[PDB]
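First comes the structure, then the notes that go with it.
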Amino acid sequence: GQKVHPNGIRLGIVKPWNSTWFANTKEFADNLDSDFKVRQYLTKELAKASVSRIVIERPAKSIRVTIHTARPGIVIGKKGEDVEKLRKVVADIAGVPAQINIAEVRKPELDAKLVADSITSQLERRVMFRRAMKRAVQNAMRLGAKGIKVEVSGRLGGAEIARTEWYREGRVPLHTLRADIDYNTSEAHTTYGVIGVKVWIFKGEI
Amino acid sequence: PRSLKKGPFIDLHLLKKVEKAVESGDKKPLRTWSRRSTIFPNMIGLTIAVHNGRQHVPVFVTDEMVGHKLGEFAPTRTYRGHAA
Amino acid sequence: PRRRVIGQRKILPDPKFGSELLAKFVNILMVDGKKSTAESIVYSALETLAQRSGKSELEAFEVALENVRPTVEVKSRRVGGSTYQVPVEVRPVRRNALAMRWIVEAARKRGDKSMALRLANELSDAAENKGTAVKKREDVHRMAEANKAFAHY
Amino acid sequence: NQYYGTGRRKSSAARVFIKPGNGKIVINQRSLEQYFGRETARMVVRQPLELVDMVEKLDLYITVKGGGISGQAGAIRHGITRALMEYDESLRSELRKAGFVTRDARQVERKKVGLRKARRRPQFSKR
Amino acid sequence: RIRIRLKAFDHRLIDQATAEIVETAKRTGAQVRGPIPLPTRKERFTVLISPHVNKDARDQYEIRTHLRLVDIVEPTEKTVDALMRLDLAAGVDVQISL
Amino acid sequence: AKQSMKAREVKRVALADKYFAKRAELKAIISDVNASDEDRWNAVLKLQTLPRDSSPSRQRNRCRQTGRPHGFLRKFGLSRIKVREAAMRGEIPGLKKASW
Amino acid sequence: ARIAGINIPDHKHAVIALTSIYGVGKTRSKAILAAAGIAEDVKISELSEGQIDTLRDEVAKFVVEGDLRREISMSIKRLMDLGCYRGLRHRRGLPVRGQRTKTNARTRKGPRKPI
RNA sequence: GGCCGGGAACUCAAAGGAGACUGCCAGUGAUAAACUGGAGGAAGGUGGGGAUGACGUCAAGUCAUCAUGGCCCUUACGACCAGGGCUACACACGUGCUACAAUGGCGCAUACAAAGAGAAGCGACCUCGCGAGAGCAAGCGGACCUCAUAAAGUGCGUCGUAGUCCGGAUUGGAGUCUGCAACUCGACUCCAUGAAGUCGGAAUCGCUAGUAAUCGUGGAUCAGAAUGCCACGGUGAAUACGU
Ligand SMILES: [Mg+2]
Ligand SMILES: [Mg+2]
Ligand SMILES: [Mg+2]
Ligand SMILES: [Mg+2]
Ligand SMILES: [Mg+2]
Ligand SMILES: [Mg+2]
Ligand SMILES: [Mg+2]
Ligand SMILES: [Mg+2]
Ligand SMILES: [Mg+2]
Ligand SMILES: [Mg+2]
Ligand SMILES: [Mg+2]
Ligand SMILES: [Mg+2]
Ligand SMILES: [Mg+2]
Ligand SMILES: [Mg+2]
Ligand SMILES: [Mg+2]
Ligand SMILES: [Mg+2]
Ligand SMILES: [Mg+2]
């Protein structure tokens, strides 16, 4: 059957929102579109900086963006040079004075977004899919995850018949609402079409 | 129906075409797509060719058609019966 | 059902006479949750019935019930493509339920103008073995008697 | 002095104040016969007092809101049963034996997606 | 008097905001009442979850808008400015009435 | 949606913004309880001359991310599909799956 | 007993009895009875002949019966001669006010005609 | 007239807590799991309802939400416009609404909800109109103002079993509003009209309790345009021997 989104179902229980601002109906759609444009620019311009999460806050007539990256050096750049350009473009997109903050992701092997992104980048480089999957699972389990599941689906290895393959180690108790499940996805654009990747990472209960 | 406080509706271009047609004395069939314009008293005696979707059909305006819309006299759908 | 956790629901007695049986009768008469309407019909019919019989409301109601309550009915059982109408005893609560249902059904097909009048007429007729409710009881008894041989099924 | 009780049933909530008196009942500034005209509803309200044999020994001032006739009458019995045990704790057993102490927790079941009602399902057809 | 109204989609957050606001009015020596917990608004959204057909397949969502009222009764001449400098958390909407 | 369809939407919004004042003027007159029968009737006729796409009723709400013309929600400016995708990622503040 | 060239029921209340006239519904019936000083729950039998002449004069102010039938026929016939869409719908015996004809439309079309 | 001063009790609002565990008692049971019953308790054995959908299955649905391999078009399979169509109508099916009446129709009077929405919005009061509505114009970004009197119900009267004082289709006339614009093809009002239908063949559907049935109310979409959908209360059953 179909499964509920592991992040969404936990959104007020053990997982936080990625956008935290109040708005009435008058500004809500505008803020949604502005957030979308900000995230799309930051995702394109930092595609080589292992960005896992962009948190957007709008305190009062301003925007505060927190970029969660495993490689803060490439984003901060040569003495703030890069974050300055990013802040300028973000303030221009949002139409309000922007502030950009950097939060370092230690253990990129343990956060689902970066794991999925690495798998998809490997697939686009024609790395054998089983190898990328098994290595992701092994790295996560060695770094202390209580469980990880990796799923890859599409024309695997260029096969005409698409299929889905998945590996699991440890516990991934998706029905447990308090379970801290880090979930994310990524797509690989191979010469045979799109291969979708899904990563679940269990990091303990409460 | 259109509210009486608004008056009847007619497209400006067709109103001018008709005004010229009454002035020149003309009886050359008037080509129009304004199926939505009301038929006015000064249209009487004129021939208005009203578009029906694919062709303009000649409508020779009489006294009785005043107040109607031009499109009421240009059927748009073609039907000859089933099992015909 | 298969599991059997199923037990009486608490029934409030009718306000005028404090009769649980009469409350069940009102429920059987009720349509579309319109309990006050059904109560008015039942009280009007009972008052007419007591005026016509001189007994009382509850006693005339009981006397009508006694002539419609069945004692034996048939339950179908398929055996060899043929179904065996097996006569079974009717337990007391079901006797009352069937009698009230039959009385209401009979009164609904009568020709009198108001339902209260139809119900009073049906109760009067049943008090002396005349209405179609008593006819239905007689038919059920005769169908059960015709199958008395098939009592082990 | 007054003895208080809160009664609830369906969407109704009732505030019941009782005191020693001669049997006055007032609900929302109206007489019991005026507020309720349904015979089932005055009887429910009367059920607790005519069980502790005090139909005329306690006065009754009542307010109620929410729900309809049966909801408000049940809210009131419940709230009188709570007022009676404030007056005297010894008749709690007799009130609970009659089922008056229980808060009837039955509520309207929500409508659900794909159903016409809480449970009524759209008519089905094989073909 | 000052009427402070606060809206938020998270109560833990509002319950922290409304509370700073009170001190800032009780350090300038100003009397206050509440927080008043005003009714929460639940806005619901029912959407189809298939891209195509499957009308009975739906998700139901809701945004809960929490609301607190805190009243400043007779405010010392630092109340407003202080009040207008606490700098409450992002995600809380603060509307100050006078 | 096609690029041209989104473009038509942009054009309609811009034109309605341009002519909002003129259309409002022309209508409190065709409508007025006291206006010449020619002044009211001259407004009926100047109103048709303004471009059709300046009428705000020509605008169709579209998903701001895909252009979908069906399943729109005004609160989010998105169709049902994109609303769900953003909701599950925690990108719509305060929004979560509801039960009651 | 006799108004507008037709007989009206003597056993009925006046408001109900007056509706037997083609062109008099309930609203016109109440207006007629109010303007003739006659109560509404009065049976036609228990009315003086003078009251009936009052009712006749009141009915005379409205177009009813054969005059109304001629008016309605003239309007339809004008539509049909005109050849407008409404008149063509009248010609074919199909719904005239824009209703669906893929299904239903049985009041205009009549009983089902098997292929 | 909670109307005013007040009061913080109560309703309620909404934060934090308590509460239910086969925990206690009796019996049965394999010194078990468990089951049957009892007490207390607002609630009793998963208390009620929801969300939550394993590995997989049907090359199931979706290239027209989006994305995307390949293929194909490129002064056209791209783009713009006006008018038409998607609303056709011998016919067959699915899902609904309204009925066929007296447990009702109509008239007068008069009780009791919940949930929700609102700024190019909700729009009061007052005046005008039979009415849909119109004019003037408060208040409200809302526990405050508005949508917005719930309806069934109850009391009194009438109708008296008639194709009717049932039903409200169809059609004629006259209008309102939205909207550049209601001919094709809007909704609604008024006057007139008053069809089929008198409980539905074979067959077939839902529902185990605040359920079914019945009665109103709101919302999204939306300029306008629900009998659909989603949501909300009111009244409130019957039955379950058994497999
Ligand atoms: Mg595209
Ligand atoms: Mg539109
Ligand atoms: Mg139509
Ligand atoms: Mg027990
Ligand atoms: Mg579970
Ligand atoms: Mg297929
Ligand atoms: Mg296709
Ligand atoms: Mg269609
Ligand atoms: Mg009628
Ligand atoms: Mg709305
Ligand atoms: Mg609100
Ligand atoms: Mg017939
Ligand atoms: Mg009949
Ligand atoms: Mg069940
Ligand atoms: Mg309904
Ligand atoms: Mg609308
Ligand atoms: Mg309901």
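Reminder, nothing fancy here: chain letters follow the sequence lines and each chain counts from 1. Basis for what follows: all heavy atoms, side chains included, without hydrogens, waters or symmetry-related copies.
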> What nucleotide, of H/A82, H/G210, H/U235, holds the atom closest to the side chain of D/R9?
Replying inline: H/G210
> H/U176 with H/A187: Watson-Crick or G-U wobble pair, both contacts under 3.5 Å?
Replying inline: yes
> Considering Watson-Crick and G-U wobble pairs with both distances under 3.5 Å, what does H/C222 pair with?
Replying inline: none
>> Between H/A54 and H/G53, is the stacking condition met, i.e. ring centres under 5.5 Å and planes under 30 degrees?
In response: no
> For the pair made of CG in E/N54 and P in H/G53, what is the distance, rounded to whole Å?
Replying inline: 16 Å
> Which way is the base of H/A42 turned, syn or anti, if we draw the line at 90° from 0?
Replying inline: anti
> What about H/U184 and H/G168: are they a Watson-Crick or G-U wobble pair, with both distances under 3.5 Å?
Replying inline: no
> With both distances under 3.5 Å required, do H/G157 and H/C55 pair Watson-Crick or G-U wobble?
Replying inline: no
> For H/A223, does the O4'-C1'-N9-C4 (purine) or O4'-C1'-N1-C2 (pyrimidine) torsion place it in syn, i.e. within 90° of 0, or in anti?
Replying inline: anti
> Okay, side chain of G/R28, backbone of G/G23: is any donor-acceptor separation there less than 3.5 Å?
Replying inline: yes
> Stacked, yes or no: H/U235 with H/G236, six-ring centres under 5.5 Å, planes under 30°?
Replying inline: yes
> Can we call H/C232 and H/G216 a base pair, counting Watson-Crick and G-U wobble only and needing both distances under 3.5 Å?
Replying inline: yes
> What do you reckon, do H/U161 and H/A88 form a Watson-Crick or wobble pair with both distances under 3.5 Å?
Replying inline: no
> Across all strands shown, which nucleotide pairs with H/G172 by Watson-Crick or G-U wobble geometry, both distances under 3.5 Å?
Replying inline: H/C191
> Side chain of B/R2: nearest nucleotide among H/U171, H/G118, H/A181?
Replying inline: H/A181
> Are the six-membered base rings of H/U221 and H/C222 centred less than 5.5 Å apart, with their planes inclined by less than 30 degrees?
Replying inline: no
>> Rounded to whole Å, please give me the gap between CD in D/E109 and P in H/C232.
In response: 11 Å
> Across the strands shown, which category fits G/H90 at heavy-atom distances under 4.0 angstrom: base, sugar-phosphate, nothing?
Replying inline: sugar-phosphate
> Checking all strands, does C/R118 fall into the base, sugar-phosphate, or nothing category for heavy-atom contacts under 4.0 angstrom?
Replying inline: sugar-phosphate
> For A/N24, which contact category applies under a 4.0 Å heavy-atom criterion: base, sugar-phosphate, or nothing?
Replying inline: nothing
> Donor-acceptor pair under 3.5 Å: do we get one between E/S50's side chain and the base of H/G61?
Replying inline: yes
> Over how many whole Å does the gap from D/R8 atom CZ to H/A113 atom P extend?
Replying inline: 16 Å
> Both distances under 3.5 Å and Watson-Crick or G-U wobble geometry: does that hold for H/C122 with H/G228?
Replying inline: no
> Counting only Watson-Crick or G-U wobble pairs whose two distances fall under 3.5 Å, which nucleotide matches H/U31?
Replying inline: none
> Would H/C156 and H/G23 count as a Watson-Crick or G-U wobble pair, both distances under 3.5 angstrom?
Replying inline: no
>> Stacking check, if you would: do H/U87 and H/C86 have six-membered base rings whose centres lie under 5.5 Å apart and whose planes meet at under 30 degrees?
In response: no
> Which of these nucleotides, H/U11, H/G84, H/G179, is closest to any side-chain atom of B/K6?
Replying inline: H/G179
>> Rounded to whole Å, how long is the line connecting atom CD1 of E/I36 with atom P of H/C144?
In response: 14 Å
> D/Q34 near the nucleic acid: base, sugar-phosphate alone, or nothing, with a heavy-atom cut-off under 4.0 Å?
Replying inline: nothing
>> Could you tell me the Watson-Crick or G-U partner of H/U235, where both distances fall under 3.5 Å? Say none if there is no partner.
In response: H/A213
>> Using a 5.5 Å cut-off between ring centres and planes within 30 degrees, is B/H82 stacked on the base of H/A90?
In response: yes
>> Regarding F/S79, tell me which of base, sugar-phosphate or nothing describes its non-hydrogen contacts under 4.0 Å with the strands shown.
In response: nothing
>> Wobble or Watson-Crick, both distances short of 3.5 angstrom: do H/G70 and H/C10 pair?
In response: no
> Quick one: is B/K5 getting a side-chain N or O under 4.0 Å of the H/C177 phosphate, OP1 or OP2?
Replying inline: yes
>> Under 3.5 Å for both contacts, Watson-Crick or G-U wobble geometry: does that describe H/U204 with H/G142?
In response: no
>> Can you say whether a donor on the side chain of B/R77 sits under 3.5 Å from an acceptor on the base of H/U184, or the other way round?
In response: no
> If we require both distances under 3.5 Å, is H/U154 with H/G96 a Watson-Crick or G-U wobble pair?
Replying inline: no
